């Protein structure tokens, strides 16, 4: 219905196995537009800051360790219903539970190493995007 933006992260597993292009191709085939992107290697503090909502959960340590183990690609995706649409093409967080043709089904090895992140809601998306990107960095399509 309305045009939204959501954060994508290609996680270190998918980067290390050179799945960046294939994952991006799925987003673009589904009508999502890449309006910002950059490769980063997160420090402990960068990852802990991004995942601050899970600070008290049992998996926090392993999440941070995995997300700092290698470079990631962080992107802003724009389109109609972008938050939920991105979520549908990612599939279930647990890859064994994920529908066929989704990113988790096709590229994820396990729960921990599940290839990619997507924002869970519009509110989360704004916070997530703002964490990695200044508004001035986002490149609307002209041309």
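Positions refer to the first chain, counted from 1.
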| query | finding |
| --- | --- |
| Of 19-27 and 126-134, the stretch whose C-alpha atoms average the higher B-factor in the entry | 19-27 |
| Entry-level comparison of average CA B-factors, 108-116 and 42-50, reporting the higher stretch | 108-116 |
| C-alpha B-factor winner, where the candidates are 99, 83, 35, 64 | 99 |
| Relative C-alpha B-factor of residue 7, binned into the chain's lowest, middle or highest third | lowest |
| Residue 68 by Cα B-factor - lowest, middle or highest third of the modelled chain | middle |
| B-factor third for the C-alpha atom of residue 103 within its chain | middle |
| Third of the chain's Cα B-factor distribution that residue 74 belongs to, per the entry | lowest |
